[PDB]
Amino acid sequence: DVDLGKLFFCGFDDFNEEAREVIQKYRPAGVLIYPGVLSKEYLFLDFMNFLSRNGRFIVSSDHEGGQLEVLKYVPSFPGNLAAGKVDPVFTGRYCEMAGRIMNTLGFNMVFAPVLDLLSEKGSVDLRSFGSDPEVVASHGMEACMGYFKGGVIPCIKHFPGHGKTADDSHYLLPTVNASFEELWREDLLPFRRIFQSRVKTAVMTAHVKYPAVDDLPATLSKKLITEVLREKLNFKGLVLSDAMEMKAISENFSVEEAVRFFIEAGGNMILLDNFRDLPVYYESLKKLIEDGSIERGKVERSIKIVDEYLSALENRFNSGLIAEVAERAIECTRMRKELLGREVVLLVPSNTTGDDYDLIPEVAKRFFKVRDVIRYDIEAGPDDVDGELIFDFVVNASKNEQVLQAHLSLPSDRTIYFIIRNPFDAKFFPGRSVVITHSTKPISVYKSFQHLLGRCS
């Protein structure tokens, strides 16, 4: 039961102390990294650094290529609709390329390919390989195979296929009217293609209702997941829900109903699009295990499956090394704790080094209350200023003496000098509070704030 976290896959829109608390307490096996983290490279890198020290994870993204692209590291792709028009070998080569890059950064799973068919009702629009089930199957197969050669495990979505509905699951619960024989022949054809091969893959469920077949959304449907996916399609691998908070589910089922149906239906990992919802869902699952509404056997089998995927990963590559370099290259003098809860005035060079300067205020705001942000001229130095606490981000202190005394005329009792370019300048601030970063990069500045609040005090 120190293992129940293995049944959860959590999305992270931020990386902070709550994130760390949630991860350390519940130990989710899956981590999905959202744009909130990816768009701030310093946070992504520090997050990857953290994950490498806290056990083993499935780490994933939504980088499908085309319309859904979230990793700036992967060159941009026209997408599945365009790929569908072309020799499927190109899809395989793209996904190997994307996967290899992903695997180098520290990802070990991707939520792709999309295997949903394109219909005229649907529009989603560019994310499908095509209408022809055969075209979708061969591209889907090349995609799963490419991702896998590249070093990342694919997750095909969304079972059993929901291109035949006009409705979006983020808004309401959609409906697909097709008969089972039609689903089988068509929407399920590319899924069948993958299950018949030897590629390791996960499967994500659709929050979609199929009334000619069952009353429940596929995510919550024992018929679709046990009798169709496990038994007729013979899939023994990992089954993920789409995000449970999505309206299609949350506006029609309780948290406790969703967790029950999905695990009883045969699913293995509950996807939450918000790591902060984990304690509610986690506790909900724990209840249902103790009051008997969830067969214990299903939870154990699920745990077994995740453990197989976790041990498969094996990788050497983690981009978080960058965060360690930044952390370890920071030298600081001794700082008084009692200063640090005050409101800070930032002195930042005026303005690639220029974009690094522009980002210093945003990074500081994560760690300190900020009263003003002042952009000085490096060849003049800072106007005289006062405050409760002052941060001088020193660049080129030594050009002349009228600049070195702009910097030294600041109240030494409540100024911290951040020497971020030429670390020789640190000799010119004796008795002063000094941080040397050896870098202008946002991650270094970031790690300098962490040392300031932690190790240096």
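One-based numbering along the sequence shown.
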Scan the PDB entry between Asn351 and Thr352 and report the missing deposited residues as one of none, 1 to 3, 4 to 9, 10 or more. 4 to 9
Counting only residues that lack coordinates, how big is the gap in the deposited sequence between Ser123 and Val124? Pick none, 1 to 3, 4 to 9 or 10 or more. 1 to 3
Between 57-65 and 390-398, which has the higher average C-alpha B-factor in the PDB entry? 390-398
Per the PDB record, is the mean Cα temperature factor higher over 159-167 or over 267-275? 159-167
Tell me which of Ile194, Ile378, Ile249, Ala98 tops the list for C-alpha B factor in the record. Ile378
If you check the C-alpha B-factor for each of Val208, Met102, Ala312, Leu240 in the entry, which is highest? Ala312
Compare the C-alpha B factor of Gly84 with those of the other modelled residues in its chain, then answer lowest, middle or highest third. lowest
Going by the entry, which third of its chain does the Cα temperature factor of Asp384 land in? highest
Taking the chain's C-alpha temperature factors as the reference, tell me which third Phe47 falls into: lowest, middle or highest. lowest
Is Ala143 in the lowest, middle or highest third of its chain when residues are ranked by C-alpha B-factor? lowest
Relative C-alpha B-factor of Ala426, binned into the chain's lowest, middle or highest third: highest
